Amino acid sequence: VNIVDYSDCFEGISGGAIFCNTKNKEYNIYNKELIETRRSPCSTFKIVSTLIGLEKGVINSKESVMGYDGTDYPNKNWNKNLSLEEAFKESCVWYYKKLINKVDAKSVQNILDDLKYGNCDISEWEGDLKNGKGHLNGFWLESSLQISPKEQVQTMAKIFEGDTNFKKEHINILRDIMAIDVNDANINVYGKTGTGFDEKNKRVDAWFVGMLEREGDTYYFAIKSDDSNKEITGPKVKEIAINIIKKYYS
């Protein structure tokens, strides 16, 4: 466990990072207090909800659709019968809400328990209704479910090292749709952004969680900001993540 200083890559934004290589057991932690603090996963939960949907047969491949019903949304790309791959990359809330509402709560509880997914608290199934957004809400979006960046990395490692009961076929679908282009062919990077605002504490929950493959070595990582500046989003934290990978993990 090495405490490290990635602050140069954060360009003044408050946050932390954790990278874990489970082969040579090298934990690199920037801002240990924050890395151990549970927060809403926001859309990083789509990593797990995709696997839940595949395991339960709600979806079956990266092409699978969820029966778009014509509802009007301000994001162009939500207004179509999008595939799993596109809904994951667009972070399309209606697709994933419809997916998860086909699954019984006990099945989800037991999967989260098996994964040790933070507090595993799905008690507020419908989510943070006081924000007025109605059905565009759920337990994973600034609501009851909370997970620390360290626990995110431990969950990622368990899934992608093959240490869960999820089918290998389903793990590979997730790897496919998580792959990101970083303009460096010598590393493979996979991940998912998440964006929320913690109204109680007036801080963002801005996430990028995933893994890095570089010549035999694999690092599982979680980058997280808790800045008070509302402009700090998941996509901004992903930029920070990519700069850390290029500086320190090349």
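Residues carry their position along the shown sequence, with the first being 1.
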So, looking at the entry's B-factor column for Cα atoms, which has the higher mean, 31-39 or 210-218?
210-218
When mean C-alpha B-factors in the record are compared for 185-193 and 66-74, the larger belongs to 185-193
Looking only at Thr50, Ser225, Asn201, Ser61, the Cα with the top B-factor belongs to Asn201
Third of the chain's Cα B-factor distribution that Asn165 belongs to, per the entry:
highest
